[PDB]
Structure formats: structure tokens, C-alpha cells
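For reference, the structure is listed below as C-alpha cells.
Counting convention: from 1, in listed order, for ligands and their atoms alike. Computed over heavy atoms, backbone and side chain alike; hydrogens, waters and symmetry mates excluded. In what follows, chains are A, B, ... by sequence order, proteins preceding strands, each numbered from 1.
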There are 2 protein chains.
Amino acid sequence: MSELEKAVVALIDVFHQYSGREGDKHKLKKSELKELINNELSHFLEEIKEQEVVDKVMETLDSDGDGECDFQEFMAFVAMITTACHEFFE
Amino acid sequence: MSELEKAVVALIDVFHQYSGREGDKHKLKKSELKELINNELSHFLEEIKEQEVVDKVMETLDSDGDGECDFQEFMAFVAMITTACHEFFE
Ligand SMILES: *[C@H]1c2c(ccc3c2OCO3)-c2ccc3cc4c(cc3c2N1C)OCO4
Ligand SMILES: *[C@H]1c2c(ccc3c2OCO3)-c2ccc3cc4c(cc3c2N1C)OCO4
Ligand SMILES: [Ca+2]
Ligand SMILES: [Ca+2]
Ligand SMILES: [Ca+2]
Ligand SMILES: [Ca+2]
């Protein structure tokens, strides 16, 4: 497999490390999204310590309105937190 | 860095390896998208040998209608072609 295919499989793996913990095993509820951001995105985002901050993050990404982050919405979230990076690649 | 972060950076890096070849350096035109799929996604997708297949993939990815695949749209494309994987992580 290519570097790209290995990165995609790695992305899916970590998403499931969090979505599979509670309730719907294929979506992140707020407590799972909080842990993923704090444990795994520490270079891209500030640690979340307040409930109101997690609420807003979820509200900003939850495009279909079900209260949870599915894989499609997570992938869009990954794109949003990378916006500043592209200029450095060009 | 975390496994997720390394994977995200790898995804951005391969996108730009193709998007930076011609024209808009931050989007994939049809030629760049075909090249990326054929060279980097050969486990997830069949080799593209027909113009109709390229046209259809671009049409399906291109949510803003500019004829090119930007990074957000690429993240959505990655999520689409990996749907069969998820059941292996629960
Ligand atoms: C984006 C970026 C990265 C890490 C953390 C971040 C952001 O935006 C805010 O939080 C990141 C990681 C790695 C690279 C590697 C290379 C880039 C840009 C990167 C970023 N950008 C700065 O350009 C070439 O290699
Ligand atoms: C997703 C899958 C893989 C290769 C080609 C594919 C798909 O779906 C459409 O075409 C793939 C590669 C690697 C892994 C690794 C592990 C998974 C699932 C994978 C897949 N699925 C089947 O679960 C645990 O590790
Ligand atoms: Ca869950
Ligand atoms: Ca949702
Ligand atoms: Ca281009
Ligand atoms: Ca587009």
C-alpha cells in the first residue's frame, strides 16, 4: 500500500479508537470527540477543558444535526483544522 | 506527534504532490486526480483507463462546481471510497 493508503487506514483506525467506546460505535459523541482532540490533535488544537467549548466544536462540525460526529463529518473537521497548512506545502 | 497527526500530514503531502503539478496549485484538475488515483489509490480503486470514469469521479467529488477537486472535497472523496473498511475496526 502507498503512503496515502496507509495514512487513510491510520485515520480510520484512530477515529474508531474513539467512536467505538460508547453508544453508536461508528460516531463520536461529545465525550469521545473531546478525548480524541485532547489526546490526538494536541499540535493542531488547544486542549479542551470546558464543556461549553466541546459543545461548540460539535455544533460547528455536526452538518446533519444528530449531535454526533460521523466519519464524513470527521474528515471535514480534519480539512478545517488543516487550512493554515497548505501555503507551506506550495 | 500522534499517529493521527502523522497520517493527516501524510494526506496533505500526497495531495500537494499532485495538486501542485499544474494550474491552481491547491486543487486537482482531472489529469492530476487521475494520476493520484492510479498511482496512490490502487488498492481502493481500479486503475482509471477510460475518460468517462475520470469525468464521473470528478463530477461526483466537485461539490462547488469549479471543475477541480480542492482539499475539502478530497477528504470527502477519501471517506467515500473507504466505506467498506469501517466494519473491520469494530
Ligand atoms: C499546518 C499545521 C501543522 C501542524 C499544526 C497546525 C497546523 O495549522 C495549525 O496547527 C502542520 C504539520 C506539518 C506540516 C509539514 C509541512 C507543511 C506544513 C505543515 C503544517 N501546517 C503548518 O509545509 C511543508 O511541510
Ligand atoms: C478497507 C479496504 C482496504 C483495502 C481496499 C479496499 C477497502 O475497501 C474498498 O477497497 C483495507 C486496507 C487495510 C485495512 C487494515 C485494517 C482494517 C481494514 C482495512 C481495509 N478495509 C477492508 O481493519 C483493521 O485493519
Ligand atoms: Ca461512539
Ligand atoms: Ca452528525
Ligand atoms: Ca493543480
Ligand atoms: Ca471543486
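Atoms of ligand 1 found under 4.0 Å from any heavy atom of A/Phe88, numbered from 1 in the order shown, are 17 (C), 18 (C), 22 (C), 23 (O), 24 (C). When each atom of ligand 1 is checked for a heavy atom of B/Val9 under 4.0 Å away, the hits are 12 (C), 13 (C). Contact atoms of ligand 1 toward A/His43: 5 (C), 6 (C), 10 (O) (distance under 4.0 Å to a heavy atom of the residue).
Ionic pairing of A/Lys29 and A/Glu32 is not present here: no N-O contact between side-chain nitrogen and carboxylate oxygen is shorter than 4.0 angstrom. With respect to A/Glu68 and A/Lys30, no salt bridge is recorded, no charged nitrogen being found less than 4.0 Å from a carboxylate O.
Looking only at heavy atoms of the protein, atom 17 (C) of ligand 1 is closest to A/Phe89 CE1, 3.1 Å. The nearest protein atom to atom 21 (N) of ligand 1, hydrogens excluded, is given as A/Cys85 SG, 2.8 Å; this is a heavy-atom distance. Nearest to atom 6 (C) of ligand 1 among the protein's heavy atoms is A/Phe44 CD2, 3.5 Å.
Around the Ca ion (ligand 5), protein N, O or S atoms at less than 3.0 Å number 6.
Residue-environment remark: CD (A/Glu52) stays at or below the threshold of 12 foreign heavy atoms within 6.0 Å. Atom CD of A/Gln17 has more than 12 heavy atoms from other residues, nucleotides or ligands within 6.0 Å.
Ring planes of B/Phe74 and B/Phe15: tilted class, angle from 30 to 60°. Note on ring orientation: taking the six-membered ring where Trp is involved, the planes of B/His16 and B/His26 are perpendicular (angle over 60°, cut-offs 30° and 60°).
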A/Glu3/A/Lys6 under salt bridge (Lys or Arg N to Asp or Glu O under 4.0 Å): CA gap, chis, key distance, verdict:
CA-CA 5 Å; A/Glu3 300 306 309; A/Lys6 289 194 277 209; 3.4 Å; yes
May I have the step-by-step check of salt bridge (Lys or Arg N to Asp or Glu O under 4.0 Å) for B/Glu73 and B/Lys27, ending in yes or no?
CA-CA 9 Å; B/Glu73 290 167 341; B/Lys27 302 179 179 53; over 6 Å; no
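Inter-residue side-chain proximity for B/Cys69 and B/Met58 is flagged as met; some heavy-atom pair is nearer than 4.5 Å.
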